[PDB]
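Pasting run_13.txt here (compact mmCIF, N, CA and C atoms and all ligand atoms):
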# COMPACT_ATOMS: atom_id res chain seq x y z
N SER A 7 -4.63 30.72 41.57
CA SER A 7 -3.55 31.73 41.50
C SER A 7 -2.65 31.40 40.30
N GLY A 8 -1.78 32.34 39.91
CA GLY A 8 -0.89 32.14 38.75
C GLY A 8 -0.67 33.41 37.95
N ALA A 9 0.45 33.45 37.25
CA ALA A 9 0.94 34.64 36.50
C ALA A 9 1.71 34.23 35.26
N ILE A 10 1.81 35.16 34.31
CA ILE A 10 2.67 35.05 33.10
C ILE A 10 3.88 35.96 33.32
N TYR A 11 5.09 35.47 33.05
CA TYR A 11 6.36 36.23 33.24
C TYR A 11 7.02 36.33 31.87
N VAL A 12 6.88 37.48 31.23
CA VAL A 12 7.39 37.77 29.86
C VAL A 12 8.21 39.06 29.94
N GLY A 13 9.42 39.06 29.38
CA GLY A 13 10.39 40.16 29.56
C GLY A 13 10.42 40.60 31.02
N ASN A 14 10.21 41.89 31.24
CA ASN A 14 10.15 42.50 32.59
C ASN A 14 8.70 42.82 32.92
N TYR A 15 7.75 41.97 32.48
CA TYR A 15 6.32 42.08 32.85
C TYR A 15 5.83 40.82 33.56
N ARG A 16 4.93 41.06 34.50
CA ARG A 16 4.16 40.05 35.24
C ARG A 16 2.69 40.30 34.89
N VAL A 17 2.03 39.30 34.32
CA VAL A 17 0.60 39.38 33.92
C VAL A 17 -0.18 38.51 34.90
N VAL A 18 -1.09 39.14 35.64
CA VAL A 18 -1.91 38.51 36.70
C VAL A 18 -3.38 38.88 36.49
N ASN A 19 -4.27 38.07 37.04
CA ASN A 19 -5.70 38.45 37.19
C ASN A 19 -5.73 39.77 37.95
N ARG A 20 -6.44 40.74 37.43
CA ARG A 20 -6.51 42.05 38.11
C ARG A 20 -6.98 41.81 39.55
N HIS A 21 -7.95 40.91 39.76
CA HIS A 21 -8.59 40.72 41.09
C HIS A 21 -7.62 40.02 42.05
N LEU A 22 -6.50 39.47 41.56
CA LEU A 22 -5.51 38.80 42.43
C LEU A 22 -4.21 39.59 42.52
N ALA A 23 -4.10 40.72 41.82
CA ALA A 23 -2.89 41.56 41.90
C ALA A 23 -2.62 41.97 43.36
N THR A 24 -1.35 42.05 43.71
CA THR A 24 -0.88 42.37 45.07
C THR A 24 -0.61 43.86 45.19
N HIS A 25 -0.42 44.31 46.42
CA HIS A 25 0.06 45.69 46.72
C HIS A 25 1.24 46.01 45.80
N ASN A 26 2.19 45.09 45.65
CA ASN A 26 3.42 45.28 44.83
C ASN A 26 3.01 45.50 43.37
N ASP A 27 2.09 44.67 42.87
CA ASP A 27 1.64 44.79 41.47
C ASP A 27 1.06 46.18 41.21
N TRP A 28 0.24 46.67 42.13
CA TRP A 28 -0.39 48.01 42.01
C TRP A 28 0.66 49.13 42.14
N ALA A 29 1.65 48.97 43.01
CA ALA A 29 2.74 49.95 43.20
C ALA A 29 3.58 50.03 41.91
N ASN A 30 3.71 48.89 41.22
CA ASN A 30 4.56 48.72 40.01
C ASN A 30 3.69 48.52 38.77
N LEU A 31 2.52 49.16 38.73
CA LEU A 31 1.51 48.94 37.66
C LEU A 31 2.08 49.44 36.32
N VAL A 32 1.86 48.67 35.27
CA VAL A 32 2.16 49.08 33.87
C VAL A 32 0.83 49.34 33.13
N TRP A 33 -0.13 48.45 33.29
CA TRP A 33 -1.43 48.55 32.59
C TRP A 33 -2.45 47.66 33.30
N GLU A 34 -3.69 48.11 33.37
CA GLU A 34 -4.79 47.26 33.88
C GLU A 34 -6.10 47.66 33.20
N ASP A 35 -6.97 46.68 33.08
CA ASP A 35 -8.30 46.82 32.46
C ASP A 35 -9.24 45.93 33.27
N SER A 36 -10.10 46.55 34.09
CA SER A 36 -11.09 45.85 34.95
C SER A 36 -12.03 45.01 34.08
N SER A 37 -12.37 45.51 32.89
CA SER A 37 -13.33 44.84 31.98
C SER A 37 -12.69 43.55 31.43
N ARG A 38 -11.37 43.44 31.44
CA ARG A 38 -10.64 42.22 31.00
C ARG A 38 -10.17 41.37 32.18
N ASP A 39 -10.23 41.89 33.41
CA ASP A 39 -9.68 41.23 34.63
C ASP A 39 -8.18 40.98 34.46
N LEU A 40 -7.44 41.91 33.84
CA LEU A 40 -5.98 41.79 33.66
C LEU A 40 -5.25 42.97 34.30
N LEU A 41 -4.11 42.65 34.87
CA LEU A 41 -3.15 43.68 35.31
C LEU A 41 -1.74 43.22 34.97
N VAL A 42 -0.93 44.15 34.48
CA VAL A 42 0.49 43.88 34.20
C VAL A 42 1.28 44.83 35.11
N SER A 43 2.27 44.29 35.80
CA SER A 43 3.22 45.02 36.66
C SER A 43 4.63 44.78 36.13
N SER A 44 5.58 45.62 36.55
CA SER A 44 7.00 45.53 36.17
C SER A 44 7.74 44.56 37.09
N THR A 45 8.72 43.86 36.55
CA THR A 45 9.57 42.88 37.28
C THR A 45 11.02 43.30 37.12
N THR A 46 11.82 43.02 38.14
CA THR A 46 13.27 43.29 38.13
C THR A 46 13.93 42.23 37.25
N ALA A 47 13.60 40.96 37.49
CA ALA A 47 14.20 39.79 36.81
C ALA A 47 13.39 39.47 35.54
N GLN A 48 14.07 38.96 34.51
CA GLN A 48 13.45 38.61 33.21
C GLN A 48 12.64 37.32 33.37
N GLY A 49 11.46 37.28 32.76
CA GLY A 49 10.63 36.07 32.71
C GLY A 49 11.01 35.18 31.54
N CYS A 50 10.43 33.98 31.51
CA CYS A 50 10.81 32.86 30.62
C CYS A 50 9.69 32.58 29.61
N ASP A 51 8.53 33.22 29.76
CA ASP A 51 7.29 32.84 29.02
C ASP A 51 7.29 33.57 27.67
N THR A 52 6.66 32.95 26.69
CA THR A 52 6.49 33.55 25.35
C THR A 52 4.99 33.70 25.15
N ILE A 53 4.59 34.86 24.65
CA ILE A 53 3.16 35.07 24.34
C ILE A 53 2.90 34.54 22.94
N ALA A 54 1.76 33.88 22.78
CA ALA A 54 1.29 33.39 21.47
C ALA A 54 0.85 34.59 20.64
N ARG A 55 1.19 34.58 19.36
CA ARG A 55 0.73 35.61 18.42
C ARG A 55 0.06 34.83 17.30
N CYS A 56 -1.24 34.65 17.42
CA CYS A 56 -1.95 33.65 16.59
C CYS A 56 -3.45 33.77 16.80
N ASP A 57 -4.27 33.07 16.02
CA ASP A 57 -5.72 32.96 16.33
C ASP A 57 -6.07 31.49 16.58
N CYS A 58 -5.16 30.74 17.21
CA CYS A 58 -5.44 29.36 17.71
C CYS A 58 -6.74 29.32 18.52
N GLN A 59 -7.50 28.23 18.34
CA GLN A 59 -8.71 27.94 19.13
C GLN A 59 -8.57 26.57 19.77
N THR A 60 -7.35 26.02 19.85
CA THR A 60 -7.08 24.76 20.58
C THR A 60 -5.83 24.98 21.42
N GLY A 61 -5.83 24.39 22.59
CA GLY A 61 -4.73 24.56 23.53
C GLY A 61 -4.92 23.67 24.72
N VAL A 62 -4.11 23.92 25.72
CA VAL A 62 -4.14 23.19 27.00
C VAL A 62 -4.13 24.21 28.12
N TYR A 63 -4.90 23.94 29.17
CA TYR A 63 -4.92 24.86 30.32
C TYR A 63 -4.66 24.03 31.56
N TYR A 64 -3.99 24.64 32.52
CA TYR A 64 -3.80 24.06 33.85
C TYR A 64 -5.00 24.40 34.74
N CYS A 65 -5.55 23.38 35.39
CA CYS A 65 -6.69 23.47 36.32
C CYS A 65 -6.22 23.05 37.71
N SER A 66 -5.89 24.02 38.57
CA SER A 66 -5.31 23.75 39.91
C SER A 66 -6.28 22.89 40.71
N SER A 67 -7.60 23.07 40.55
CA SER A 67 -8.62 22.34 41.36
C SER A 67 -8.72 20.88 40.91
N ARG A 68 -8.03 20.49 39.84
CA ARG A 68 -7.90 19.07 39.44
C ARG A 68 -6.46 18.60 39.40
N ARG A 69 -5.47 19.45 39.69
CA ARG A 69 -4.04 19.16 39.44
C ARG A 69 -3.88 18.52 38.06
N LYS A 70 -4.50 19.10 37.02
CA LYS A 70 -4.54 18.48 35.68
C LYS A 70 -4.46 19.53 34.58
N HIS A 71 -3.78 19.18 33.50
CA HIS A 71 -3.69 19.98 32.26
C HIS A 71 -4.66 19.38 31.24
N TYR A 72 -5.62 20.17 30.79
CA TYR A 72 -6.71 19.69 29.93
C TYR A 72 -6.55 20.26 28.54
N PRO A 73 -6.60 19.42 27.50
CA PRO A 73 -6.67 19.94 26.14
C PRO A 73 -8.09 20.45 25.92
N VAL A 74 -8.22 21.64 25.34
CA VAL A 74 -9.54 22.28 25.12
C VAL A 74 -9.59 22.96 23.77
N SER A 75 -10.79 22.98 23.20
CA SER A 75 -11.18 23.99 22.18
C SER A 75 -11.79 25.20 22.89
N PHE A 76 -11.49 26.41 22.41
CA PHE A 76 -12.01 27.65 23.04
C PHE A 76 -12.43 28.62 21.95
N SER A 77 -13.38 29.48 22.30
CA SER A 77 -13.91 30.52 21.40
C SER A 77 -12.90 31.65 21.24
N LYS A 78 -13.03 32.43 20.17
CA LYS A 78 -12.20 33.63 19.96
C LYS A 78 -12.56 34.67 21.00
N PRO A 79 -11.58 35.50 21.45
CA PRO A 79 -11.86 36.51 22.47
C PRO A 79 -13.05 37.40 22.06
N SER A 80 -13.99 37.60 22.99
CA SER A 80 -15.26 38.34 22.75
C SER A 80 -15.75 39.00 24.05
N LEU A 81 -16.83 39.77 23.91
CA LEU A 81 -17.45 40.39 25.09
C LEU A 81 -18.51 39.42 25.57
N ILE A 82 -18.39 39.02 26.81
CA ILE A 82 -19.30 37.98 27.36
C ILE A 82 -19.88 38.48 28.68
N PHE A 83 -21.16 38.25 28.89
CA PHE A 83 -21.81 38.63 30.16
C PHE A 83 -21.34 37.63 31.21
N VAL A 84 -20.77 38.15 32.29
CA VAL A 84 -20.26 37.26 33.35
C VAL A 84 -21.04 37.54 34.61
N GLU A 85 -21.51 36.49 35.26
CA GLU A 85 -22.27 36.64 36.51
C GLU A 85 -21.41 37.26 37.63
N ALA A 86 -22.06 37.80 38.63
CA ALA A 86 -21.30 38.40 39.74
C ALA A 86 -20.44 37.35 40.44
N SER A 87 -19.27 37.78 40.88
CA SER A 87 -18.32 36.94 41.64
C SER A 87 -18.05 37.64 42.97
N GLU A 88 -17.05 37.14 43.69
CA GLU A 88 -16.63 37.84 44.92
C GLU A 88 -15.87 39.14 44.57
N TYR A 89 -15.34 39.27 43.34
CA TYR A 89 -14.46 40.39 42.99
C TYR A 89 -15.10 41.39 42.05
N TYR A 90 -16.14 40.96 41.34
CA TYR A 90 -16.79 41.86 40.37
C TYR A 90 -18.29 41.64 40.42
N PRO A 91 -19.05 42.71 40.15
CA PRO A 91 -20.49 42.58 40.01
C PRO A 91 -20.75 41.96 38.63
N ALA A 92 -21.97 41.44 38.40
CA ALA A 92 -22.27 40.83 37.08
C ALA A 92 -22.05 41.88 36.00
N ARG A 93 -21.34 41.54 34.95
CA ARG A 93 -20.99 42.56 33.96
C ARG A 93 -20.45 41.89 32.71
N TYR A 94 -20.25 42.69 31.69
CA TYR A 94 -19.65 42.24 30.42
C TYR A 94 -18.13 42.25 30.55
N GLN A 95 -17.55 41.08 30.32
CA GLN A 95 -16.08 40.97 30.36
C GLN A 95 -15.60 40.93 28.91
N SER A 96 -14.62 41.74 28.60
CA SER A 96 -14.06 41.82 27.23
C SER A 96 -12.87 40.87 27.06
N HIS A 97 -12.56 40.53 25.81
CA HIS A 97 -11.36 39.75 25.43
C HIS A 97 -11.39 38.41 26.16
N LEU A 98 -12.58 37.80 26.27
CA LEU A 98 -12.76 36.57 27.06
C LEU A 98 -13.02 35.41 26.09
N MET A 99 -12.37 34.28 26.36
CA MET A 99 -12.46 33.05 25.56
C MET A 99 -13.08 31.97 26.44
N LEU A 100 -14.07 31.24 25.94
CA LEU A 100 -14.76 30.18 26.72
C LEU A 100 -14.35 28.82 26.19
N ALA A 101 -14.28 27.85 27.09
CA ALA A 101 -14.05 26.43 26.75
C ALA A 101 -14.94 25.61 27.66
N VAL A 102 -15.27 24.41 27.20
CA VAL A 102 -15.99 23.44 28.06
C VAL A 102 -14.93 22.77 28.92
N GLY A 103 -15.03 22.96 30.22
CA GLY A 103 -14.08 22.35 31.17
C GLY A 103 -14.35 22.83 32.57
N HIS A 104 -13.54 22.32 33.50
CA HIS A 104 -13.70 22.58 34.95
C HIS A 104 -12.91 23.81 35.37
N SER A 105 -13.57 24.74 36.06
CA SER A 105 -12.97 25.97 36.66
C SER A 105 -13.63 26.18 38.02
N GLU A 106 -12.83 26.60 39.01
CA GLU A 106 -13.27 27.15 40.31
C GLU A 106 -12.55 28.48 40.49
N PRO A 107 -13.10 29.40 41.31
CA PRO A 107 -12.50 30.73 41.44
C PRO A 107 -10.97 30.67 41.63
N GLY A 108 -10.49 29.75 42.46
CA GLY A 108 -9.06 29.62 42.81
C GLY A 108 -8.18 29.18 41.63
N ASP A 109 -8.82 28.68 40.58
CA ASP A 109 -8.15 28.26 39.34
C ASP A 109 -7.68 29.47 38.53
N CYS A 110 -8.16 30.67 38.81
CA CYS A 110 -7.72 31.89 38.11
C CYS A 110 -6.19 31.97 38.12
N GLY A 111 -5.59 32.37 36.99
CA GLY A 111 -4.13 32.42 36.82
C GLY A 111 -3.55 31.17 36.17
N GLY A 112 -4.31 30.06 36.10
CA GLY A 112 -3.98 28.89 35.28
C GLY A 112 -3.78 29.33 33.84
N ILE A 113 -2.67 28.92 33.23
CA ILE A 113 -2.30 29.37 31.86
C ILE A 113 -2.96 28.44 30.86
N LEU A 114 -3.49 29.06 29.81
CA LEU A 114 -3.90 28.41 28.55
C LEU A 114 -2.78 28.63 27.54
N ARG A 115 -2.26 27.54 27.00
CA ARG A 115 -1.15 27.58 26.02
C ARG A 115 -1.57 26.85 24.75
N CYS A 116 -1.04 27.34 23.64
CA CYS A 116 -1.16 26.73 22.30
C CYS A 116 0.27 26.49 21.81
N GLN A 117 0.45 26.05 20.56
CA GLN A 117 1.78 25.70 19.98
C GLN A 117 2.66 26.96 19.92
N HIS A 118 2.06 28.15 19.98
CA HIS A 118 2.76 29.44 19.79
C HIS A 118 3.15 30.07 21.13
N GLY A 119 2.64 29.57 22.26
CA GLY A 119 3.01 30.08 23.58
C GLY A 119 1.78 30.33 24.42
N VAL A 120 1.88 31.30 25.32
CA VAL A 120 0.79 31.65 26.27
C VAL A 120 -0.33 32.40 25.53
N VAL A 121 -1.54 31.86 25.62
CA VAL A 121 -2.77 32.46 25.03
C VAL A 121 -3.47 33.36 26.06
N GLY A 122 -3.62 32.90 27.31
CA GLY A 122 -4.21 33.74 28.35
C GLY A 122 -4.24 33.03 29.67
N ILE A 123 -5.03 33.55 30.60
CA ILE A 123 -5.14 32.97 31.96
C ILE A 123 -6.62 32.77 32.31
N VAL A 124 -6.86 31.77 33.14
CA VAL A 124 -8.22 31.51 33.67
C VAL A 124 -8.68 32.77 34.42
N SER A 125 -9.88 33.24 34.13
CA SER A 125 -10.48 34.44 34.75
C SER A 125 -11.89 34.17 35.27
N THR A 126 -12.68 33.35 34.57
CA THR A 126 -14.12 33.12 34.88
C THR A 126 -14.43 31.62 34.80
N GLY A 127 -15.62 31.20 35.23
CA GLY A 127 -15.94 29.76 35.32
C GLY A 127 -17.34 29.50 35.83
N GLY A 128 -17.63 28.22 36.08
CA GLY A 128 -18.94 27.72 36.52
C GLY A 128 -19.74 27.18 35.36
N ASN A 129 -20.79 26.41 35.65
CA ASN A 129 -21.78 25.92 34.65
C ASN A 129 -21.05 25.07 33.61
N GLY A 130 -19.93 24.44 34.01
CA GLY A 130 -19.10 23.56 33.18
C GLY A 130 -18.35 24.30 32.08
N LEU A 131 -18.21 25.62 32.18
CA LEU A 131 -17.39 26.43 31.25
C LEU A 131 -16.20 27.00 32.02
N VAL A 132 -15.11 27.23 31.31
CA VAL A 132 -13.96 27.99 31.87
C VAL A 132 -13.73 29.17 30.94
N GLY A 133 -13.50 30.34 31.53
CA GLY A 133 -13.24 31.57 30.76
C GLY A 133 -11.81 32.01 30.97
N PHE A 134 -11.12 32.28 29.87
CA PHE A 134 -9.71 32.72 29.86
C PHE A 134 -9.63 34.14 29.31
N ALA A 135 -8.89 34.98 30.02
CA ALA A 135 -8.60 36.35 29.60
C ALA A 135 -7.47 36.26 28.58
N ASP A 136 -7.74 36.60 27.33
CA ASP A 136 -6.72 36.60 26.26
C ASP A 136 -5.62 37.64 26.52
N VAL A 137 -4.38 37.34 26.14
CA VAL A 137 -3.27 38.33 26.21
C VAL A 137 -2.62 38.49 24.83
N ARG A 138 -3.11 37.79 23.80
CA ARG A 138 -2.35 37.65 22.53
C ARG A 138 -2.39 38.97 21.77
N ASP A 139 -3.35 39.82 22.11
CA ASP A 139 -3.53 41.12 21.42
C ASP A 139 -2.60 42.14 22.09
N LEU A 140 -1.98 41.79 23.23
CA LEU A 140 -1.07 42.71 23.96
C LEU A 140 0.36 42.62 23.38
N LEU A 141 0.58 43.20 22.20
CA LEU A 141 1.83 43.02 21.44
C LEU A 141 2.99 43.63 22.21
N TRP A 142 2.72 44.71 22.94
CA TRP A 142 3.76 45.45 23.68
C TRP A 142 4.38 44.57 24.76
N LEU A 143 3.74 43.47 25.17
CA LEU A 143 4.33 42.51 26.15
C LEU A 143 5.66 41.93 25.62
N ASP A 144 5.85 41.90 24.30
CA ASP A 144 7.04 41.30 23.63
C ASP A 144 8.21 42.28 23.51
N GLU A 145 8.17 43.46 24.15
CA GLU A 145 9.25 44.49 24.00
C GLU A 145 9.30 45.45 25.18
N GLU A 146 10.43 46.17 25.31
CA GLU A 146 10.64 47.33 26.23
C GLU A 146 10.36 46.90 27.67
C1 LIG B 201 -13.72 36.97 39.83
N1 LIG B 201 -14.39 35.72 39.52
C2 LIG B 201 -13.92 34.56 39.97
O1 LIG B 201 -13.25 34.54 41.00
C3 LIG B 201 -14.10 33.32 39.09
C4 LIG B 201 -13.02 32.93 38.30
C5 LIG B 201 -12.94 31.64 37.77
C6 LIG B 201 -13.94 30.71 37.98
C7 LIG B 201 -15.08 31.07 38.70
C8 LIG B 201 -16.32 30.43 38.99
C9 LIG B 201 -17.09 31.34 39.63
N2 LIG B 201 -16.41 32.51 39.80
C10 LIG B 201 -15.16 32.38 39.23
ZN ZN B 202 -1.39 29.52 18.71
What is this file in structure tokens?
Amino acid sequence: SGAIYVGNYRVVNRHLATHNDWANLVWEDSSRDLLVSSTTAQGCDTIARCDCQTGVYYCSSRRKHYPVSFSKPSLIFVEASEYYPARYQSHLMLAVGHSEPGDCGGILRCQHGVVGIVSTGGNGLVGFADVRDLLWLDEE
């Protein structure tokens, strides 16, 4: 589990969004596994605006923050999960590291801020849904 809190937006894994998130929906893309909802209170997080390929991610299933190299966001074939059938996931970044389904929402950060959240995993890879292309998160 986990979320990004930037301005009056909450960024969550689409598959973990709550009734409240859907009632207060701003934007969602099933192909990216992202949903953004509106918040009353201001968040503290800064989104990275960069093409960094090194960062650190939180892995709840290890209670550990791991430094990783990761690929640039791309379209990747993702095997079926409990929430999605096997399909191509867009804006996805891969790193060699430990992920379990419950690790989704773990933040990947670089020197510039939040890069994305854990979305996919298994086979010793972790997949992060990029948010850095979502420029509108920084305003309104
Ligand atoms: C929607 N798919 C998931 O819940 C998922 C997310 C992160 C890691 C793994 C490993 C297998 N499935 C995973
Ligand atoms: Zn960066």
Enumerate, in order of chain and increasing residue number, the residues of chain A with an atom no farther than 5 Å from ligand ZN 202 (chain B), each with its shortest atom pair and distance in Å to one decimal, counting all atoms listed in the file, as CSV.
residue,atom,partner,partner_atom,distance
A:56,CA,B:ZN202,ZN,4.7
A:58,CA,B:ZN202,ZN,4.2
A:116,CA,B:ZN202,ZN,4.6
A:117,N,B:ZN202,ZN,4.3
A:118,N,B:ZN202,ZN,3.9
Quiz item: Which chains and residue numbers are within 7 Å of ligand LIG 201 (chain B), counting all atoms listed in the file, if I want them as number ranges by chain?
Solution: A: 21, 86-90, 105-110, 124-129, 132-133
Practice problem: From chain A, collect each residue whose DSSP state is alpha helix (DSSP H) and return the set as a ChimeraX atom specification. | Solution: /A:25-29
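Counting only C-alpha atoms and comparing A:27, A:85, A:39, A:136, the residue that lies closest to residue A:59 is A:136.
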Self-check item: From A:119, A:100, A:35, A:142, residue lying nearest residue A:79 [all atoms listed in the file]
Solution: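 Ranking A:119, A:100, A:35, A:142 by distance to residue A:79, first place goes to A:100.
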Quiz item: Of the candidates A:135, A:74, A:50, A:140, which shows the shortest atom-to-atom distance to residue A:36, using only C-alpha atoms?
Solution: A:135
Practice problem: Have a look at A:32, A:131, A:12, A:42 and name the one nearest to residue A:101; count only N, CA and C atoms. | Solution: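 Selected residue with least distance to residue A:101: A:131.
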Exercise. Would you mind listing what lies within 9 Å of residue A:38 as a PyMOL selection string, with only C-alpha atoms counted and same-chain residues fewer than 4 positions away left out?
Key: chain A and resi 19-20+34+95-98+125+135-136
With the input short on atoms, add N, CA, C and O atoms back to stretch 43-56 of chain A and write it as a CSV table (one decimal), in the frame of the given file.
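Wrote result09.csv, looks like this:
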chain,number,residue,atom,x,y,z
A,43,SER,N,2.3,44.3,35.8
A,43,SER,CA,3.2,45.0,36.7
A,43,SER,C,4.6,44.8,36.1
A,43,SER,O,4.8,43.8,35.3
A,44,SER,N,5.6,45.6,36.6
A,44,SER,CA,7.0,45.5,36.2
A,44,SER,C,7.7,44.6,37.1
A,44,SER,O,7.4,44.4,38.3
A,45,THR,N,8.7,43.9,36.6
A,45,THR,CA,9.6,42.9,37.3
A,45,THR,C,11.0,43.3,37.1
A,45,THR,O,11.4,43.9,36.1
A,46,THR,N,11.8,43.0,38.1
A,46,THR,CA,13.3,43.3,38.1
A,46,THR,C,13.9,42.2,37.2
A,46,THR,O,14.7,42.6,36.3
A,47,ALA,N,13.6,41.0,37.5
A,47,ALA,CA,14.2,39.8,36.8
A,47,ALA,C,13.4,39.5,35.5
A,47,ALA,O,12.2,39.7,35.5
A,48,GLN,N,14.1,39.0,34.5
A,48,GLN,CA,13.4,38.6,33.2
A,48,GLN,C,12.6,37.3,33.4
A,48,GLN,O,13.1,36.4,34.0
A,49,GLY,N,11.5,37.3,32.8
A,49,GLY,CA,10.6,36.1,32.7
A,49,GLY,C,11.0,35.2,31.5
A,49,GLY,O,11.8,35.6,30.7
A,50,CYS,N,10.4,34.0,31.5
A,50,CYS,CA,10.8,32.9,30.6
A,50,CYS,C,9.7,32.6,29.6
A,50,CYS,O,9.9,31.8,28.7
A,51,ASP,N,8.5,33.2,29.8
A,51,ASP,CA,7.3,32.8,29.0
A,51,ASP,C,7.3,33.6,27.7
A,51,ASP,O,7.9,34.6,27.5
A,52,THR,N,6.7,33.0,26.7
A,52,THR,CA,6.5,33.6,25.4
A,52,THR,C,5.0,33.7,25.2
A,52,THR,O,4.3,32.8,25.5
A,53,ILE,N,4.6,34.9,24.6
A,53,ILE,CA,3.2,35.1,24.3
A,53,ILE,C,2.9,34.5,22.9
A,53,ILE,O,3.7,34.8,22.0
A,54,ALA,N,1.8,33.9,22.8
A,54,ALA,CA,1.3,33.4,21.5
A,54,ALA,C,0.8,34.6,20.6
A,54,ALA,O,0.3,35.5,21.2
A,55,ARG,N,1.2,34.6,19.4
A,55,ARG,CA,0.7,35.6,18.4
A,55,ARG,C,0.1,34.8,17.3
A,55,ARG,O,0.8,34.4,16.4
A,56,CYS,N,-1.2,34.6,17.4
A,56,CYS,CA,-2.0,33.6,16.6
A,56,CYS,C,-3.4,33.8,16.8
A,56,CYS,O,-3.9,34.5,17.7
